[PDB]
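Participant: Here it is, the structure in full.
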Amino acid sequence: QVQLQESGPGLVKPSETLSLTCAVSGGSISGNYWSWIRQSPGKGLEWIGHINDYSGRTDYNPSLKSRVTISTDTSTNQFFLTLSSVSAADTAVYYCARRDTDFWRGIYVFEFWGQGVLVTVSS
Amino acid sequence: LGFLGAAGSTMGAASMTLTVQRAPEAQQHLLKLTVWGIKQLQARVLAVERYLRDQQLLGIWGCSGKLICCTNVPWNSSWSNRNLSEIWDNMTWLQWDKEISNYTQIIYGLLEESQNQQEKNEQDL
Amino acid sequence: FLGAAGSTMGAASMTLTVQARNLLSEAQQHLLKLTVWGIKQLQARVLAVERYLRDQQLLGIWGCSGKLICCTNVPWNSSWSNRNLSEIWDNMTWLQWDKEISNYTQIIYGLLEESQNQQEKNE
Amino acid sequence: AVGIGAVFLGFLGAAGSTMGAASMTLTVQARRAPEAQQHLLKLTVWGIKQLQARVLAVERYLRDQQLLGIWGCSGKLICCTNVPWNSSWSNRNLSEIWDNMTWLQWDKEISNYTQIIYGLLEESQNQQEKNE
Amino acid sequence: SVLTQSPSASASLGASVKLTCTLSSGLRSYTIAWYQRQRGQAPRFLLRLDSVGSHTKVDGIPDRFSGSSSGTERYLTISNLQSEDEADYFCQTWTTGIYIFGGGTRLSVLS
Amino acid sequence: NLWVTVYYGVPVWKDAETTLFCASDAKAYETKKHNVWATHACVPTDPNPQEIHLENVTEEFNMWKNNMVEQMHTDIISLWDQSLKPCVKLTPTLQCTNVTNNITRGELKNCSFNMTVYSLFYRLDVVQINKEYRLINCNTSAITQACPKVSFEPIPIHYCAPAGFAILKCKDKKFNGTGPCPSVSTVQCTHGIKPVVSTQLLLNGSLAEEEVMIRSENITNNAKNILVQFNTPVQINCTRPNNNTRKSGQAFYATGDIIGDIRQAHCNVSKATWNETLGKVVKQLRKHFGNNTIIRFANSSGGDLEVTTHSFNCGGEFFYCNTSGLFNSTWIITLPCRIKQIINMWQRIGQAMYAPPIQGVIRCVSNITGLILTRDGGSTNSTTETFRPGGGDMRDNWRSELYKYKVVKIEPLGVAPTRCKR
Amino acid sequence: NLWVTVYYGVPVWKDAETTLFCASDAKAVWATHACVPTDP
Amino acid sequence: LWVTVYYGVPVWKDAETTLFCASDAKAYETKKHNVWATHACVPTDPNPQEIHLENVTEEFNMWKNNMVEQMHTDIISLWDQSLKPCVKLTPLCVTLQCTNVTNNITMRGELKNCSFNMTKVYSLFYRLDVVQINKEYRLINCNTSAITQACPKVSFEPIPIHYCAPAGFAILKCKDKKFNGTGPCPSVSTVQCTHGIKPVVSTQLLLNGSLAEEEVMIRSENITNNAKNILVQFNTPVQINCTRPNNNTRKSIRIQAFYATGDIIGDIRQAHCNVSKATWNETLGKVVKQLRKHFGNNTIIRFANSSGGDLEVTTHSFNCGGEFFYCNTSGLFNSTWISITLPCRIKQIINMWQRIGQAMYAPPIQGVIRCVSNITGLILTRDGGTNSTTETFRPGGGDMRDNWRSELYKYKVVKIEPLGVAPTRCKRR
Ligand SMILES: *[C@@H]1O[C@H](CO)[C@@H](O[C@@H]2O[C@H](CO)[C@@H](O[C@@H]3O[C@H](CO[C@H]4O[C@H](CO)[C@@H](O)[C@H](O)[C@@H]4O)[C@@H](O)[C@H](O[C@H]4O[C@H](CO)[C@@H](O)[C@H](O)[C@@H]4O)[C@@H]3O)[C@H](O)[C@H]2NC(C)=O)[C@H](O)[C@H]1NC(C)=O
Ligand SMILES: *[C@@H]1O[C@H](CO)[C@@H](O[C@@H]2O[C@H](CO)[C@@H](O[C@@H]3O[C@H](CO)[C@@H](O)[C@H](O[C@H]4O[C@H](CO)[C@@H](O)[C@H](O)[C@@H]4O)[C@@H]3O)[C@H](O)[C@H]2NC(C)=O)[C@H](O)[C@H]1NC(C)=O
Ligand SMILES: *[C@@H]1O[C@H](CO)[C@@H](O[C@@H]2O[C@H](CO)[C@@H](O[C@@H]3O[C@H](CO)[C@@H](O)[C@H](O[C@H]4O[C@H](CO)[C@@H](O)[C@H](O)[C@@H]4O)[C@@H]3O)[C@H](O)[C@H]2NC(C)=O)[C@H](O)[C@H]1NC(C)=O
Ligand SMILES: *[C@@H]1O[C@H](CO)[C@@H](O[C@@H]2O[C@H](CO)[C@@H](O[C@@H]3O[C@H](CO[C@H]4O[C@H](CO)[C@@H](O)[C@H](O)[C@@H]4O)[C@@H](O)[C@H](O)[C@@H]3O)[C@H](O)[C@H]2NC(C)=O)[C@H](O)[C@H]1NC(C)=O
Ligand SMILES: *[C@@H]1O[C@H](CO)[C@@H](O[C@@H]2O[C@H](CO)[C@@H](O[C@@H]3O[C@H](CO)[C@@H](O)[C@H](O)[C@@H]3O)[C@H](O)[C@H]2NC(C)=O)[C@H](O)[C@H]1NC(C)=O
Ligand SMILES: *[C@@H]1O[C@H](CO)[C@@H](O[C@@H]2O[C@H](CO)[C@@H](O)[C@H](O)[C@H]2NC(C)=O)[C@H](O)[C@H]1NC(C)=O
Ligand SMILES: *[C@@H]1O[C@H](CO)[C@@H](O[C@@H]2O[C@H](CO)[C@@H](O)[C@H](O)[C@H]2NC(C)=O)[C@H](O)[C@H]1NC(C)=O
Ligand SMILES: *[C@@H]1O[C@H](CO)[C@@H](O[C@@H]2O[C@H](CO)[C@@H](O)[C@H](O)[C@H]2NC(C)=O)[C@H](O)[C@H]1NC(C)=O
Ligand SMILES: *[C@@H]1O[C@H](CO)[C@@H](O[C@@H]2O[C@H](CO)[C@@H](O)[C@H](O)[C@H]2NC(C)=O)[C@H](O)[C@H]1NC(C)=O
Ligand SMILES: *[C@@H]1O[C@H](CO)[C@@H](O)[C@H](O)[C@H]1NC(C)=O
Ligand SMILES: *[C@@H]1O[C@H](CO)[C@@H](O)[C@H](O)[C@H]1NC(C)=O
Ligand SMILES: *[C@@H]1O[C@H](CO)[C@@H](O)[C@H](O)[C@H]1NC(C)=O
Ligand SMILES: *[C@@H]1O[C@H](CO)[C@@H](O)[C@H](O)[C@H]1NC(C)=O
């Protein structure tokens, strides 16, 4: 059983980096893939990025490559998402999830999602 | 390094604590990582060498390994005689070493002589 | 290397020395590959040496100081799987013994340290 | 230049000396590059090499110390054992060996029997610890 | 390639509802997965679904959820709707290492 | 009354992870001169395996969730990117037309572009824009390219345990794939593990020694993949009947004029041997499922092209073989293949590794040892169970070779209640 | 009637001179080639 | 009595182990870039841990040594590694139409201007380098040899190289000035790193050699046996000044940028070396005095020039400024004893180390090439023998390990085993 619990600032002013920390309990010791996803209000959600828990190799959406950085912390079983230069349109509900390791006929799914944290960009 | 946390405490606390006691090649700024890895392995190898020399000293003082080793040369009066309670209860290890730093060579010499005499008169009978 | 790893307690106890001795065993980018390989190899050997030295230090805390077949003064409480001494010494392999003792190792280590310190201080 | 190899050369420090003199000497002896051009990376490679040389020295020293500890010696420089010296090994008396010959000639005369000496030492230590 | 699907749908309690997810022309034979997000609770993985309806299963979900496939359309069929079905269900796929998500069908039940 | 005594030669071990360091065989010195896939300056140490059989000991192996496969997958990706990195990135609209001489539908397109010229591309590496043709991932993924002087090819890469760790192995012939292994033995350095980098089939794999082996976490659950290992490998042979020049600051490489007839590599496989192997497979499957259930072998369900087809490396080129014919049966020789240049190899965004065109024919012989089978739904109770091939996550391909290994840390310190005091 | 005892492991330090090498951030202004990079 | 072990005891065991190179800090740091003789070797310590031993006599034997073979193998591998990155000359193997140049005559010029049709391009070669085919001419070894040319940037020059034994070993060094190199050595010091060794290729002569103190020394495994060579180490180095009086230009012909010799600026003359007559006579006097000491006063010492065999041993082969001269000593050793301008040529295709493998093509050197060198060691092959008549010492050599053995004559690699045991009157309680 894998449990994801996320936290971070709720209100963030425009034009800086937004840092969100997601801790995990009961995750596999290694070989895991932790993915950050966001859903803008009233619009279909989009994938942010994902980190390999062992290799340290990261990957991000092509349209958010520069502004997104994902780091891991094996010691505390956590991962940090840093969104540099957040705009007003980046307000969204953020989820930290784990993507599976089966690849069933050409899909990777996120079995375990986070509770979701709402980040709103305002003055 | 590593065991500096206990510093500044009482010798009782320090003694109790000491008794208890795949990276890929796609990482950005590779040269800094490899150079600081060189430095860290330098530190670790120097640590093991220092530990080996200290263990050789402990062995020549008749302690081999061990941490709290006991010996047979009496505590002379000139070596800053003080009441044991305030020696071992209030001050800290750094201050004690700064106080006894002038005498440590004589301490080591007397310790080695005492251990050699102990070996001689133990092998005698 | 492991030698008589699965053999009876007596043979392993008589053949400890094998495991004891076995435990202590340019062009720019090409140069960087060479130095990363060297880092990996040196880290491996240094960590092995440091683990061996830590085990030697643990032995030194007790009344062993490098001696293989040590002997202490801690009484054997019946709570740690009290059985016939000969039966324990001629039936179960080391692996099962350690698997069924791994729940009490810490208390044994603490008792050993306390007994050695008490013997040093009392005399 | 530094490390344990210097300790080994210090052991070599007096080879032709008297046996007793050699033992006493052993007891006594127990105690910003300029980097002009492309020298940083070569310095990194040389650092790798120097660390591996120092690690080789440390591992050889530790192997010797472990071999000494297998017998009843722990880590003492001079050590005393409890296995008898049969007259088959150099039946002539000990004054000549302990006063006249250097360690080299004794090693030349013992190298034929050093293995059985080591075996007897290890067996004697094992027996002494098992009996106790 | 966009996962076109109906923005909203609803049905009465105790009946069977059939949510739809239509793939693009370039994703004719692509297999998808269904995600359910109730109000506030974390999104829950439901089931994968391939070109011929061969769908996997996961623990902790009712057996009433079923999947079906018809060419470029994938249908999530729910039988015996309960009050807990108040949620948003969306279909997700993986063409390249980039995931593609649907718009989210806000599925509601009538009391 | 007994007394505690501590021993420091005990052979007890406990499972743990560790960064195993690669070590290719000696003969790689004759090949590594070409700066090939075959290792690098990253510890090409000469190995010498010395197996030591144990006795009366059973260890509980679990090839699933085994960290060593993740470690070696990371190592392979690192080696690949190390080989690719020094090469020149491409970073380039191309006007394309349908050109054919003796083909057959023509996938090849005569793309044209002006620089301060002409090339031939494939439909799988270009998309229509608005005729105007632009190669895929143009503005998103750094396409890059490979130096033609690398000539990547698989090599055995032994894994030698570090100084303090041991590598166990299951010498048992009929390895279940999980649970206790009564035939366990320590090994200093693993065998000639080869980077197959193949999809939906296993090329130059490891053969078994009894009936074709079936393995999976569940054979019951249809989510987890099913790994099949053969005994009588079936050969696959085909060429690249084509030749292309190399164009040229503007250090750009592409295709050139084609010499001879133009036709896709059909590739061949012996049919009787394939049928016999599939019969062995179904016989083994009936044991895990029942001696009466109907078994089927359809073709890949769909999705990315890397899972629909059978992708493999051959002589500096990559072939994507339609595998509908091979997996097509229902129980109670040729298969067309496409070729494309940009390779989203390990499903990673930003890497394409444009393969330079090959000159001449190759005719790589590759003989298959393993299958990756994913079941279908179980709605039809005991009626039928279809086994369409699939997968594509290379972790499975490498778990096909690391199922008989496990890294264990030696825990020499031990305690024992003897009869002796001090 | 007290007796000396050695306590290897005590956190005692002494001031002592040495030769600090360098640390920089710029690419090999100053000569900087004898200066190691700094990303620890 | 009983037995006691003594860890930390001076022990020696004659064992062979691989040694690692050590380049001097000033050898690479100062100016040398892209030269074979220096690579990623570990720089030596600022001052060696030279400790002088007393009352110790160790047996030395250079003719059974292992450092010479080790250093020869290291030089072979280093030379091959240096030659590997350069481009091969395989396409160059083709028929050539050659005519011999008559611009100037010194001793004919012997050069050949040859045209080759590399789709007519002219080049200049030497007579030894090219052989007529039956006028049509072809490279001496291009049919059955993987011919190769050296990289233009790299240069051939000796550079000091030290050998340091790894941890756990030592280098015993015989400091005795009067030491023929066999049997006991009265004064044995110990080192970690050896003195400067310069890898220099030469036959019948030792250039950049290490001068020997005291008098001239004569060394051999067996003076009596004819087959064994004889090393002669002078006490006073002899100057040699050798120069090729010609200047050439390099033409870059693509095959892979091949470099071909161009026409010579002005005059063309064969190369010449110069050695002072009086110093040569005095050194020969010392040498014959020592040889008579090893042979008796009544013995008659005679000399003669080379007896033939290949060309790299009859003459004196040596590289100067990147050009490989094969300079004759026909006249140096022509003198009968009782109780000079050297004319010479070049060969651009050379077979280093006497192997039938790859042969390296010497790149052209622009301008006049002149060099001064230290003739310090002679290699002599004793005449056959009939007895008690005379002795002849025509020069020989060619075996590069013999050249190495002169520099490494005073070292041995020893393994220290400080775990000796001894008997004494001591029993553990
Ligand atoms: C080492 O020292 C010896 C002397 O002890 C030299 O040997 C002499 O070498 C010269 C050449 O330098 C020889 O001269 C040659 O003689 C050949 C034979 O003809 C005559 O000489 C023999 C005796 O050797 C007589 O019996 C006979 O009647 C002749 O008088 C000729 O065939 C040679 O000609 C060829 O070479 C020359 C020069 O290149 C060409 O011009 C010719 O066209 C032709 O190709 C030549 O004339 C002399 O004979 C040698 N004598 C001895 C005793 O060997 C060695 O040269 C010297 N160096 C070496 C490396 O050994
Ligand atoms: C596995 O085996 C099955 C066996 O049926 C196989 O299914 C067949 O796939 C082919 C293509 O791979 C299908 O052929 C297509 O059929 C559609 C039906 O409408 C046609 O429209 C197609 O032509 C156009 O398709 C696009 C528009 O839809 C156009 O963009 C395109 O340019 C064409 O003009 C095409 O002919 C075939 O119909 C199915 N079979 C059935 C019964 O439907 C499947 O492909 C195999 N999988 C793999 C990976 O090989
Ligand atoms: C499974 O293993 C088999 C072998 O056990 C393997 O087949 C091998 O394939 C490689 C490449 O496809 C072959 O290597 C080439 O063979 C051709 C034909 O002989 C040669 O001309 C080639 O020489 C070229 O080598 C360089 C490659 O770039 C060039 O730069 C160079 O200029 C030469 O022109 C090259 O040797 C090999 O011969 C076969 N082996 C056999 C026995 O057929 C197969 O590919 C493997 N399957 C995989 C990896 O999926
Ligand atoms: C014994 O030591 C001698 C020390 O001088 C060696 O002489 C030298 O040999 C080296 C090659 O091993 C030469 O290096 C090349 O020489 C040519 C020509 O030399 C002239 O130009 C150089 C550079 O300006 C200059 O230093 C010389 O004085 C000459 O003016 C150059 O074109 C190359 O660039 C390169 O320097 C030394 O130059 C040469 N020095 C001289 C003049 O003696 C001698 O070779 C050694 N013995 C052997 C054969 O090992
Ligand atoms: C391999 O697949 C089997 C499929 O049966 C997994 O077994 C799982 O077992 C648990 C309890 O042992 C099941 O939970 C119970 O299921 C029944 C009906 O299936 C339900 O009525 C109960 O209320 C309860 O939920 C579970 O369903 C079942 N299947 C799963 C989890 O897919 C087994 O866990 C798999 N192997 C491993 C190693 O996990
Ligand atoms: C290994 O074999 C058996 C059945 O084929 C399974 O593992 C256990 O095996 C023991 C004895 O062989 C049985 O008593 C257990 O009941 C089995 N456990 C389970 C959960 O069935 C296991 O299915 C097989 N391994 C794999 C990977 O299929
Ligand atoms: C089937 O594939 C295996 C893959 O290893 C082939 O095995 C290799 O065969 C070559 C042929 O000489 C040997 O040099 C290798 O040593 C073999 N490797 C291993 C790991 O055994 C095999 O030859 C192929 N063909 C068959 C089995 O008929
Ligand atoms: C893979 O191969 C199968 C062959 O089984 C192809 O299926 C054929 O597709 C053509 C396309 O028009 C039809 O005309 C045939 O009737 C089909 N045959 C069968 C047996 O289904 C399939 O299209 C191929 N897919 C790819 C991507 O190449
Ligand atoms: C160098 O001179 C020494 C003198 O001791 C030679 O050593 C012995 O010489 C005598 C003759 O004087 C021989 O009978 C012995 O056999 C020699 N023993 C050794 C050490 O070999 C030594 O041989 C001479 N070496 C040479 C010939 O250079
Ligand atoms: C990249 O090209 C694709 C081609 O379809 C297009 O859809 C996309 O918008 C382009 N992106 C940019 C940033 O130009
Ligand atoms: C392949 O399978 C399809 C159905 O899955 C069938 O219609 C077709 O005939 C099969 N082809 C062959 C050659 O068996
Ligand atoms: C070489 O030159 C000489 C003149 O010294 C001439 O007689 C001879 O013919 C020339 N050789 C050739 C092959 O032309
Ligand atoms: C070579 O000979 C010259 C003669 O003047 C002498 O000065 C020099 O020291 C000798 N050796 C060297 C180092 O060149």
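For the structure tokens, the naming scheme is as follows: chains receive sequential letters (A, B, ...) according to their order of presentation, residues are indexed from 1 within each chain, and ligands are indexed from 1 in presentation order.
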Can you tell me which residues come within 9 Å of ligand 1 when counting only C-alpha atoms and all ligand atoms, ideally as a PyMOL selection string?

Facilitator: chain H and resi 304-309+311+314-315+328-331+334

Participant: Name the residues in contact with residue F:422 at a cut-off of 10 Å, using only C-alpha atoms, excluding same-chain residues fewer than 6 positions from it; report them as a PyMOL selection string.

Facilitator: (chain C and resi 63+70-74) or (chain D and resi 132) or (chain F and resi 3)

Participant: What residues of the protein or nucleic acid chains come within 10 Å of ligand 11 when you use only C-alpha atoms and all ligand atoms? Reply as a ChimeraX atom specification.

Facilitator: /F:296-300,324-330,333,388

Participant: Provide the atom CA of residue F:402 to atom CA of residue B:22 distance in Å, to one decimal place.

Facilitator: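 The value is 17.4 Å.
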
Participant: Can you work out which residues are within 9 Å of ligand 7, considering only C-alpha atoms and all ligand atoms, and then hand them over as a list in words?

Facilitator: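 Final answer, ordered by chain and number: residues 156, 191, 192, 193, 194, 203, 204, 205, 206, 207, 231, 232, 233, 234, 235, 366, 367, 368 and 369 of chain F.
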
Participant: Suppose we keep N, CA and C atoms; can you now write the selection as an mmCIF file, in the first residue's frame?

Facilitator:
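Below you can see again19.cif, which holds the result:
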```
data_model
loop_
_atom_site.group_PDB
_atom_site.id
_atom_site.type_symbol
_atom_site.label_atom_id
_atom_site.label_comp_id
_atom_site.auth_asym_id
_atom_site.auth_seq_id
_atom_site.Cartn_x
_atom_site.Cartn_y
_atom_site.Cartn_z
ATOM 1 N N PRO F 156 28.493 -8.963 -24.006
ATOM 2 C CA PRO F 156 28.408 -9.421 -22.615
ATOM 3 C C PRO F 156 29.025 -8.404 -21.668
ATOM 4 N N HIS F 191 27.242 -13.951 -15.508
ATOM 5 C CA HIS F 191 27.562 -14.495 -16.821
ATOM 6 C C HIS F 191 27.470 -13.393 -17.876
ATOM 7 N N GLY F 192 27.557 -13.783 -19.145
ATOM 8 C CA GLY F 192 27.583 -12.827 -20.233
ATOM 9 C C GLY F 192 26.241 -12.190 -20.522
ATOM 10 N N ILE F 193 25.771 -11.343 -19.605
ATOM 11 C CA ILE F 193 24.506 -10.649 -19.797
ATOM 12 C C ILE F 193 24.627 -9.708 -20.986
ATOM 13 N N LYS F 194 23.640 -9.751 -21.877
ATOM 14 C CA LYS F 194 23.709 -8.995 -23.112
ATOM 15 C C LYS F 194 22.572 -7.985 -23.195
ATOM 16 N N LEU F 203 16.001 -11.361 -28.336
ATOM 17 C CA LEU F 203 16.985 -11.716 -29.349
ATOM 18 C C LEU F 203 18.308 -12.017 -28.664
ATOM 19 N N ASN F 204 18.985 -13.067 -29.117
ATOM 20 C CA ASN F 204 20.234 -13.518 -28.511
ATOM 21 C C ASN F 204 20.092 -13.623 -26.997
ATOM 22 N N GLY F 205 19.019 -14.279 -26.570
ATOM 23 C CA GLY F 205 18.713 -14.407 -25.164
ATOM 24 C C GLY F 205 19.421 -15.580 -24.518
ATOM 25 N N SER F 206 18.926 -15.941 -23.340
ATOM 26 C CA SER F 206 19.438 -17.063 -22.569
ATOM 27 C C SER F 206 18.456 -18.220 -22.692
ATOM 28 N N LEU F 207 18.953 -19.375 -23.122
ATOM 29 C CA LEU F 207 18.119 -20.559 -23.261
ATOM 30 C C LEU F 207 17.939 -21.250 -21.915
ATOM 31 N N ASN F 231 13.530 -22.869 -25.523
ATOM 32 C CA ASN F 231 14.585 -23.877 -25.540
ATOM 33 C C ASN F 231 15.152 -24.098 -26.932
ATOM 34 N N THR F 232 14.309 -24.056 -27.964
ATOM 35 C CA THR F 232 14.726 -24.211 -29.354
ATOM 36 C C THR F 232 14.535 -22.876 -30.058
ATOM 37 N N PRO F 233 15.553 -22.021 -30.094
ATOM 38 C CA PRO F 233 15.386 -20.696 -30.700
ATOM 39 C C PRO F 233 15.098 -20.779 -32.190
ATOM 40 N N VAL F 234 14.322 -19.810 -32.671
ATOM 41 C CA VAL F 234 13.953 -19.698 -34.076
ATOM 42 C C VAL F 234 14.700 -18.511 -34.668
ATOM 43 N N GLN F 235 15.268 -18.702 -35.854
ATOM 44 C CA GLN F 235 16.110 -17.679 -36.456
ATOM 45 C C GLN F 235 15.276 -16.604 -37.145
ATOM 46 N N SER F 366 19.464 -13.257 -36.021
ATOM 47 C CA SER F 366 19.102 -13.116 -34.618
ATOM 48 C C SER F 366 18.083 -14.183 -34.257
ATOM 49 N N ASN F 367 18.400 -14.987 -33.250
ATOM 50 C CA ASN F 367 17.603 -16.163 -32.931
ATOM 51 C C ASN F 367 16.932 -16.019 -31.573
ATOM 52 N N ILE F 368 15.602 -16.154 -31.589
ATOM 53 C CA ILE F 368 14.710 -15.649 -30.549
ATOM 54 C C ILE F 368 14.609 -16.655 -29.413
ATOM 55 N N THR F 369 14.624 -16.152 -28.178
ATOM 56 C CA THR F 369 14.554 -16.992 -26.993
ATOM 57 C C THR F 369 13.380 -16.688 -26.073
#
```

Participant: For residue A:67, find every residue with an atom within 7 Å (counting only C-alpha atoms), except residues of its own chain fewer than 5 positions away, and show them as a ChimeraX atom specification.

Facilitator: /A:83-85

Participant: Go ahead and dump the residues you just picked, C-alpha atoms, as a short mmCIF file (atom, residue, chain, number, x, y, z; two decimals), in the first residue's frame.

Facilitator:
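Generated file (selection23.cif):
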```
data_model
loop_
_atom_site.label_atom_id
_atom_site.label_comp_id
_atom_site.auth_asym_id
_atom_site.auth_seq_id
_atom_site.Cartn_x
_atom_site.Cartn_y
_atom_site.Cartn_z
CA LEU A 83 7.74 25.94 -10.56
CA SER A 84 9.87 28.95 -11.49
CA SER A 85 8.17 32.14 -12.70
#
```

Participant: Could you pull out the residues sitting within 9 Å of ligand 10, using only C-alpha atoms and all ligand atoms, and write them as an mmCIF file with N, CA, C and O atoms, in the first residue's frame?

Facilitator:
```cif
data_model
loop_
_atom_site.group_PDB
_atom_site.id
_atom_site.type_symbol
_atom_site.label_atom_id
_atom_site.label_comp_id
_atom_site.auth_asym_id
_atom_site.auth_seq_id
_atom_site.Cartn_x
_atom_site.Cartn_y
_atom_site.Cartn_z
ATOM 1 N N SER A 63 6.347 21.740 -22.947
ATOM 2 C CA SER A 63 5.949 23.135 -22.826
ATOM 3 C C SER A 63 6.181 23.701 -21.430
ATOM 4 O O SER A 63 5.855 24.868 -21.190
ATOM 5 N N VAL F 127 5.477 14.322 -40.589
ATOM 6 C CA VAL F 127 4.044 14.570 -40.518
ATOM 7 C C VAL F 127 3.713 15.751 -41.422
ATOM 8 O O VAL F 127 4.551 16.623 -41.676
ATOM 9 N N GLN F 128 2.478 15.768 -41.916
ATOM 10 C CA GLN F 128 2.013 16.843 -42.782
ATOM 11 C C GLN F 128 1.641 18.068 -41.957
ATOM 12 O O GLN F 128 1.011 17.957 -40.903
ATOM 13 N N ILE F 129 2.036 19.244 -42.445
ATOM 14 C CA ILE F 129 1.754 20.510 -41.780
ATOM 15 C C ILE F 129 1.171 21.477 -42.800
ATOM 16 O O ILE F 129 1.618 21.526 -43.951
ATOM 17 N N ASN F 130 0.166 22.239 -42.378
ATOM 18 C CA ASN F 130 -0.446 23.246 -43.237
ATOM 19 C C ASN F 130 -1.189 24.287 -42.408
ATOM 20 O O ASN F 130 -1.196 24.226 -41.179
ATOM 21 N N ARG F 134 7.028 18.100 -42.156
ATOM 22 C CA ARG F 134 7.965 18.411 -41.085
ATOM 23 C C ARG F 134 8.192 17.160 -40.252
ATOM 24 O O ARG F 134 7.231 16.473 -39.895
ATOM 25 N N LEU F 135 9.450 16.856 -39.955
ATOM 26 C CA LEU F 135 9.754 15.641 -39.212
ATOM 27 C C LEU F 135 9.246 15.749 -37.776
ATOM 28 O O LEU F 135 9.189 16.835 -37.193
ATOM 29 N N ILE F 136 8.871 14.601 -37.209
ATOM 30 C CA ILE F 136 8.181 14.579 -35.923
ATOM 31 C C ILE F 136 9.095 15.105 -34.819
ATOM 32 O O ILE F 136 10.328 15.044 -34.919
ATOM 33 N N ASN F 137 8.484 15.629 -33.755
ATOM 34 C CA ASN F 137 9.155 16.195 -32.587
ATOM 35 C C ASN F 137 10.030 17.380 -32.949
ATOM 36 O O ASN F 137 11.034 17.627 -32.268
ATOM 37 N N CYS F 138 9.688 18.120 -34.004
ATOM 38 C CA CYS F 138 10.593 19.139 -34.521
ATOM 39 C C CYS F 138 10.857 20.244 -33.513
ATOM 40 O O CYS F 138 12.019 20.591 -33.275
ATOM 41 N N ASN F 139 9.811 20.810 -32.906
ATOM 42 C CA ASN F 139 10.009 21.984 -32.068
ATOM 43 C C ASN F 139 9.991 21.623 -30.584
ATOM 44 O O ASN F 139 10.012 22.517 -29.735
ATOM 45 N N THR F 140 9.941 20.334 -30.251
ATOM 46 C CA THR F 140 9.771 19.929 -28.862
ATOM 47 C C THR F 140 10.995 19.207 -28.326
ATOM 48 O O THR F 140 11.508 19.536 -27.250
#
```

Participant: Tell me, which residues of chain B carry DSSP strand (DSSP E or B), written as a list in words?

Facilitator: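 Selection result, strand (DSSP E or B) within chain B: residues 10, 68, 69, 70, 71, 72, 73, 74 and 92 of chain B.
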
Participant: Check every protein, DNA and RNA residue against ligand 9, keep those with an atom at most 8 Å away (counting only C-alpha atoms and all ligand atoms), and present them as an MDAnalysis selection string.

Facilitator: chainID H and resid 59:61 179:184 218:223

Participant: Using DSSP secondary structure from the backbone, list all helix (DSSP H, G or I) positions within chain B, as a ChimeraX atom specification.

Facilitator: /B:11-20,30-60,84-89,93-124

Participant: Could you name the residues that touch residue H:425 at 12 Å or less, counting only C-alpha atoms, but leaving out those on the same chain fewer than 3 positions away, as a list in words?

Facilitator: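 Residues meeting the cut-off are residues 123 and 124 of chain B; 80, 81, 82, 83, 84, 85, 93, 94, 95 and 98 of chain D; 1, 2, 3, 4, 422 and 428 of chain H.
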